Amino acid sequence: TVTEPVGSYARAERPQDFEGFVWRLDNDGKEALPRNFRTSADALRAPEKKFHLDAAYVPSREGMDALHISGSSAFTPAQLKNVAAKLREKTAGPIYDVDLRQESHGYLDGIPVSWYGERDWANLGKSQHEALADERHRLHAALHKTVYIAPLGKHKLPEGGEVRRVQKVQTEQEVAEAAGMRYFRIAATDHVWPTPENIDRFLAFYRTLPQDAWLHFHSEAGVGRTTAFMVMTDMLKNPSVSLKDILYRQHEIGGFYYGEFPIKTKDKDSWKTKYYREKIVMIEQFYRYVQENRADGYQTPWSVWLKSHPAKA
């Protein structure tokens, strides 16, 4: 009777309506660091107004000093070494660049770009294998070819930018390993809740980690996907902390807020409304997964548990 369960709404959208049409500039490389850079060691600041939170609530910091995670937006290669260098002061563990982007991206002549389709959905519906093969094929195709690279402006369309003939092409994995970071890819679709596949892959990965591993999450802006995986990591590693505290603290170090709040979008942005609501419900559902399955050591994965414990809108 149910075509798309809650948590899988994006499956109803049609990928053929969002195919990539331009190399989008992911970071202009002007600053020393990527945007929205934050670490779990950072001091808590006031909530953003739009979330209508209790400014005076002080969330527990239980486990934060030990969390060892960070988040950021996309970066140039120089910016990533600066990140790696900053993080290397805080740990002697391996540092992972955890790349949460389903969209095909890489570096053309050291410039960080992505193949941008409407809503950033150019790889919508593809398996991780298919997404990455596309990415590799496209990047290789750009070498010694003329390309147009532009930032998005008015109404999410190209505005200015530049044209060049590319002399070097790199994957983010190459750039990460050049900055001394290990690399882990989770192909998560922009704007929406990560898929069961996304999270099963993340959970098995998390399970292989040495104790002193530091996880640096990033996506395009370092907001939606980055925060979702920061929050999930926090819940997994610190299961005795309350839902509310996890969400308050991940927001107040510079993340998105993943609890209820009054959503009011502009008209041309109202397609986002139900995707926000979906993420809120799924955040609660993941919390529940952790509480019920951590005891036995996660004998049953998220994808399976969720099919027998469907979320409700």
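For every residue, the number given is its place in the sequence shown, counted from 1.
- When the mean C-alpha temperature factors of 189-197 and 170-178 are read from the deposited coordinates, 170-178 comes out higher.
- If you average the C-alpha B-factors over 274-282 and over 51-59, the higher value belongs to 51-59.
- Comparing C-alpha B-factors across 159, 118, 99, 162 in the deposited entry, the largest value falls on 159.
- Each of 126, 105, 90, 218 has a CA temperature factor in the record; the biggest one is found at 90.
- In the deposited entry, the Cα temperature factor of residue 73 sits in the bottom third of values across the chain's modelled residues.
- Per-chain ranking of the deposited C-alpha B factor places residue 304 in the highest third.
- In this PDB entry, the Cα temperature factor of residue 35 sits in the top third of its chain's modelled residues, the highest group.
- The entry lists a Cα temperature factor for residue 241 that places it in the highest third of the chain's modelled residues.
- Residue 147: CA B factor in the lowest third of modelled residues in this chain (values from the PDB entry).
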